[PDB]
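In the working numbering, the protein residues as written are -15 to 37. Step one of this worksheet: look at the structure below.
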Ligand SMILES: [Fe+3]
């Protein structure tokens, strides 16, 4: 599992931390995050993210 970054604000989704406050548990691969989840910092959709490396 790769990290993904919001290309609008720069937030980085790290799969080993998840986003637990919004129901995304540690270990969730980015493709498997519910498709209505948005960037915690700018509200951008998953469609604005890209793989970090
Ligand atoms: Fe963002």
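Backbone N, C-alpha and C fix where the C-beta goes; we use that ideal spot for every residue, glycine too.
Remark: the C-beta of residue 8 is outside contact range of ligand 1, defined as less than 8 angstroms to any heavy atom.
Distances from the CA of residue 1 to each of -5, -6 and 9 were compared; the closest alpha carbon is that of 9. The Cβ neighbour count for residue -4, taken over all protein chains shown within 10 Å, is under 16; the residue is labelled exposed. Non-local C-beta neighbours of residue 33 in its own chain, meaning closer than 6 angstroms and more than five positions away in sequence, comprise -12 and -10, ordered along the chain. The C-alpha of residue 6 lies about 10 angstroms from the C-alpha of residue 23.
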